[PDB]
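Coordinates in review
Below are the chains, spelled out letter by letter.
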Amino acid sequence: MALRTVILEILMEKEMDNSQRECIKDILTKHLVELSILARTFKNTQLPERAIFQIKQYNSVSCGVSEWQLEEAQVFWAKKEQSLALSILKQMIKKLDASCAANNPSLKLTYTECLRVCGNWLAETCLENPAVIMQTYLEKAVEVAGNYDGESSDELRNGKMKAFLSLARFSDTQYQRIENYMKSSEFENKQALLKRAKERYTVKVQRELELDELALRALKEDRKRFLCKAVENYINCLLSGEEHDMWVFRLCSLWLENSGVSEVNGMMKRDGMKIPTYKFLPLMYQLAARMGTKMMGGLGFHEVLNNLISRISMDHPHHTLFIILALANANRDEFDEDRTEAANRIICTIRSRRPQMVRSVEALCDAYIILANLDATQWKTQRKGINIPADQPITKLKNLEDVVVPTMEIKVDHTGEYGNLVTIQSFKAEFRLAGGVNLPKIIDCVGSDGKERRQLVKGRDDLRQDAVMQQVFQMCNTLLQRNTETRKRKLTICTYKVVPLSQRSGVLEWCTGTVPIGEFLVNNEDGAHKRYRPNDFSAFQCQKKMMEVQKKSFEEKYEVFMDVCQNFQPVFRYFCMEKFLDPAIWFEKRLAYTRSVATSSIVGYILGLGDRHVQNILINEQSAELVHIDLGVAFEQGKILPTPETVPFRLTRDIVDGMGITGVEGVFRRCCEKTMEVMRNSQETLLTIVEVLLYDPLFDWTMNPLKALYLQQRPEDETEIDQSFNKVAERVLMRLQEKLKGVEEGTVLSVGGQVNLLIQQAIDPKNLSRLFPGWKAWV
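Residues numbered from 1 in each chain as written, not as in the entry; some residues may be left out. Part of a larger assembly, values for the part shown. Heavy atoms only, no water. Residues with missing side-chain atoms left out of burial classes, pairs and counts.

Regarding how it was determined, this PDB entry cites cryo-EM in its header, along with a resolution of 7.82 Å.

Each helix and strand counted, the chain has 31 helices and 5 strands in total. Rg of the C-alpha trace for the chain: 31 Å, near the compact-globule value of 28 Å for 779 residues, within the 12% margin. Taken along the three principal axes of its C-alpha coordinates, the chain extends 90 × 75 × 65 Å. (Helix = DSSP H or I, 4+ residues; strand = E, 2+ residues; numbered from the N terminus. Rg over C-alpha atoms; globule rule 2.2 N^0.38 Å.)

Taken in spatial order, the 3 strands make up an open sheet running β1-β2-β3, and their pairing is antiparallel. Looking at strand neighbours, the two that pair on one side only are β1 (441-446) and β3 (505-509), the edges of this open sheet. Adjacent strand axes in the sheet meet at a mean angle of 35° when their direction is disregarded. (Pairing = 2+ DSSP bridges. Axes fitted to C-alpha atoms, helices over the stretch in contact; angles between N-to-C directions.)

Moving on: the pairing of strand β2 (residues 452-459). Strand direction decides the pairing type here: β1 and β2, joined by 6 bridges, are antiparallel. Within β2, the residue paired with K441 across the bridge is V457. Count of turn residues in the β1/β2 antiparallel hairpin: 5 residues, of which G450 carries a positive phi of about 100°. Relative to β3, β2 runs antiparallel, the two being bridged by 5 bridges. By the bridge assignment for β3, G459 is matched with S505.

Okay, the packing of aromatic side chains next. Aromatic pair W77 and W121: ring centres 5.4 Å apart, planes at 35°, arrangement tilted. With a gap of 44 residues between them, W77 in the loop between α4 (68-71) and α5 (86-96) and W121 in helix α6 (residues 109-125) connect regions that are remote in the sequence. Ring geometry for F537 versus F568: centroids 5.8 Å apart, planes at 55°, classification tilted. With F537 in helix α21 (residues 535-551) and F568 in helix α22 (residues 557-577), the pair connects residues that are 31 residues apart, well separated along the chain. An aromatic cluster is built from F76, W77 and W121, whose rings are joined through pairwise contacts. Seen from the ring of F53, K56 lies directly overhead, with NZ or CZ sitting 5.5 Å from the centre. In this arrangement the basic side chain of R653 is found over the ring face of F572, its NZ or CZ atom lying 4.0 Å from the centre. (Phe/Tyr/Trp six-rings, centres within 6.5 Å; stacked < 30°, edge-to-face > 60°. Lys NZ or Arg CZ within 6 Å of the ring centre and 35° of its normal.)

Here the focus is the packing of helix α8 (residues 155-195) against helix α9 (residues 205-240). Packing of α8 against α9 brings their axes to within 9 Å, and their N-to-C directions diverge by 150°. Classified by the angle between their axes, α8 and α9 sit roughly antiparallel to one another. As α8 packs across α9, the resulting crossing turns out to be left-handed. Here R157, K160, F164, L167, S171, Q174, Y175 and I178 of α8 lie close against α9, whose contacting residues are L219, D222, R223, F226, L227, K229, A230, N233, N236, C237 and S240. Its residues placed into classes, the contact of α8 with α9 shows 9 nonpolar, 5 polar and 5 charged. (Parallel < 35°, antiparallel > 145°, perpendicular 65-115°, else oblique. Left-handed = near helix turned anticlockwise from the far one by under 90°. Contact = heavy atoms within 4.5 Å. Nonpolar A, V, L, I, M, F, W, Y, C, P; charged D, E, K, R; others polar.)

Moving on, we get to the side chain of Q465. Mapping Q465 onto the fold places it in the loop between β2 and α18 (468-482). At 3.4 Å, the side chain of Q465 and the side chain of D462 are in polar contact. With residues up to four places along the chain from it excluded, the contact list for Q465 reads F699 and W701. (Polar contact = N/O pair within 3.5 Å; in protein donor to acceptor, adjacent residues only side chain to side chain.)

A few words on the packing of α5 against α6. With their axes 11 Å apart at the nearest point, α5 and α6 run at an angle of 150° to one another. If you check the angle between α5 and α6, you find them roughly antiparallel. Relative to α6, the crossing made by α5 is left-handed. For the pair α5 and α6, the contacting residues are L86, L89, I93 and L96 in the first and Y111, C114, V117, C118, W121 and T125 in the second. Its residues placed into classes, the contact of α5 with α6 shows 9 nonpolar, 1 polar and no charged.

The phi torsion at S262 lies on the positive side, around 60°, for a residue other than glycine. Topologically, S262 is positioned in the loop between α10 (245-257) and α11 (263-271).

To continue, consider the side chain of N767. Take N767: it is sitting in helix α30 (residues 765-770). Polar side-chain contacts of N767 include one of 2.3 Å to the backbone oxygen of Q761. In this structure, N767 is in contact with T646, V647, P648, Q761 and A762, ignoring residues within four places of it in sequence.

Laid out in structure tokens, this is it:
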């Protein structure tokens, strides 16, 4: 910046000879404005103001075009004193649209920028009357619809993106107003049911009824118009660019919740549902779950909507259609959502028109899913010792090792430009089993090029109930990609390359030797170190703690816990300290693993961290991450427990294993505060995602308490009502409001103090003593 300013000064002092040097100095001022924009992105308060003053002292006094009200807007951003030149902006606009309107140059994007800035300022104010707001919105919409795709100033891409942003802002404002006049209107309808019990009247009753009717009709019309505009913008962006997926998903969820009404609007959205393959793949990622949603209609417009979805999912069918077919092939108990079954059958028959692949693809798909199901059901019957090899005589050894056939179903690298694919024609046999309730197999799916996938085929368990965690991880990855500083501080999130078959079987996968911590510490107590705690004595201590918490009162527990700590802390202390074979490269891996733990803790704080057990917490060799399949506790599931507790569920053992002293706690506090302040800008997207995720009564495992979640589902694995749905939804929304821009006590309590209180609660002995005996042994 300093070098560029010096060069600018030199050129301003040495360009007083030629006539073109005036335009050269104008471009110098443009570069100064660009540097001021860079300072804005840096969020400074002195250098951008000094640059503005330098521009003012320079040749900017000529005021040729006078775009300074837009370029030097730091009077509100840099100087926090806002609401100063809004009328000045409006006056400049109405003056440039009076005389210069007849001689509008090719630079018509300045008017769109003016409109967008005025819309942003009106949305920030939000306190003026709605009449002027609607007038300005109509004026901006008319100007956009009259000036778009016009002259040659990259309007087809840049002007198109600006029109997308304007339409998205308009639709978001209208949707916020509609959500307000829906929720508060239901409250007012309850009030009117309370009032009108004394029974219309032209005084207030007939007026209120006419208001209700007319406003409902007008809101339906405005919602249909906004939905059509948003769908057109999302389609033309799928042709142009990304960053409209959140609004597209919000509009799709709103249309699915308002299904059946506005048949003309639904037909228009179905006819205008044209998108590229690359953008349809991100939409297909959500359509895979949307196909198995609660939409059940045969005679209504639900069948037309399903047909339109199937036709939109026609493009990029090498993986999206396969995933949709795998998701739909779940309700088949071959060795009430009947309308949905018929609909997906019709969708499959329609997609089978393609004679190239689809027919044989679906045939082999059902073939190998039946193969895997039979393998599981037949191998889980026999019992042998610890290592159980020789899985040969079951199903002809995978029907002769799955002879050449299209494979590689997952293909995490999803693209809309399919082509040369990979095959898994080769396979192995005689796989060794692992732990768990059932008998999973460590299957090494050897690809044709040598890609050996380490899969774990399980069955007789409900595994698709928690499959939404992969979509949640994908959404969080997209949010991190949209965030800037997350890539600067190298933030990653543990993903899952797991595709379950149905609610009765699934195929888990490991990345690189996911060794849990339980048997690791057991073997450390057995062979590595002694003199303090063996495995049998630790089990006896945990059993004594269980008996104490079951029979005795809360007294005398804290002293026993402090004694157990003072006696057995060094055990796992030097257990972790002897994992320090760290080379010179591990100096950064120490920070990487701990930052991954921090990100996992943040995800837990945001989304209700689940279970933590031996087979749950897994250690990774060199992936710099700690992947944990919790799948057990939602937001409110922590209070459906017998003797419920309110604990952030953070163990100090891992914190001390990473680092306990030398301000590392402060470093992690600063990191968590920065991450939460960055993520605390998409509240509407987060609320829409949560509302979409809480409208699934089929997956009663999370956020759907039925008989107290089946009595806590045999609490902790054998002693280690639509009103209820609405209450859970409302309370989850309230708690989310109590986690972003507010707390349960109402005060602000900035992310700093918030994380401080969370860490205090996670460290206090009450939370680590009340929760459970197993987790006490884990502390």
